[PDB]
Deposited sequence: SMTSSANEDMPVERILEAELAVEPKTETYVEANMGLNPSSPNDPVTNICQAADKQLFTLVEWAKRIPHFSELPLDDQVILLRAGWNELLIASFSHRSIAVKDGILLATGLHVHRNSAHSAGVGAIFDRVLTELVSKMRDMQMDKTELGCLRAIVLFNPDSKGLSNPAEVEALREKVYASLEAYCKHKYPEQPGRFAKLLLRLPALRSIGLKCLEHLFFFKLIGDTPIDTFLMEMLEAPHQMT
């Protein structure tokens, strides 16, 4: 066990906390600082070269944040809970002109996480898989990252089989939220690039740094 699910859960538990789009952007900036602390507690992340640690977090931050507020929001009806303590109701999101992408988050992520009772170990592992993205451009050693990804999904499958032996399809169900998370990430990014371009919305320095070119 070079990738124990106990350490991945510890990482989740260690970091656990009108324009709605202004509140969302403040929350995203705040959570980017927490995301660096989270990543440092994932086994073997901090032993990668610093340039590769940067490429992985620049590639994955939007998906990692989306995964976290989505899991956080499973107790909420028709909304999301931000790390800042604030709720965005689907009605506010529709009235701010981001209804369609907000409903995608509710339907494809929050609802599906709620229905299967995805647990914080499962969430941690999915986020670790996102983080260890071996397709990220410019990695010095994509094979090392691929090896870390393989160890995360080996540990996750063993955890699922042990913890939920009645649900043989559960491992595959977890992995098959990742295409939805990818598509929703890209659409959320497109919204952010627009907010920046129109200048309609304050963007704080870490969020702004993540939107700057590579």
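Which parts of the deposited sequence lack C-alpha coordinates?
Those parts of the chain that were deposited but carry no coordinates are 1-7, 25-41, 239-242.
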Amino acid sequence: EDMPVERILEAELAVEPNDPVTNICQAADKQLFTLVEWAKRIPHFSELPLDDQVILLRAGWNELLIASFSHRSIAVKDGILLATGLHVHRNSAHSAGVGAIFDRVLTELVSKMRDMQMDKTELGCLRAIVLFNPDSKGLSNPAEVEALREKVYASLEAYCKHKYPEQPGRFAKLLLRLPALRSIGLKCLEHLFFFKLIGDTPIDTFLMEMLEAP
From here on, numbers count along this sequence of modelled residues.
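How about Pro17: is it missing in a third or more of the other compared entries?
Across the compared entries, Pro17 is left out in at least a third.
On average, are the C-alpha B-factors higher in 173-181 or in 155-163?
Comparing 173-181 with 155-163, the higher mean C-alpha B-factor belongs to 155-163.
Just say lowest, middle or highest third for the CA B-factor of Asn133 relative to the other modelled residues in its chain.
Lowest third, going by the recorded CA B-factors of the chain.
Chain-wide C-alpha B factor ranking for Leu192, given as lowest, middle or highest third:
Answer is lowest: the recorded C-alpha B-factor places it there.
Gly85: which third of its chain by C-alpha temperature factor?
Ranked within chain, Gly85 CA B lands in the highest tercile.
B-factor third for the C-alpha atom of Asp78 within its chain
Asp78: CA B-factor falls in the highest third of its chain.
Within this chain, which third does the Cα B-factor at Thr34 fall in: lowest, middle or highest?
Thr34: CA B-factor falls in the middle third of its chain.
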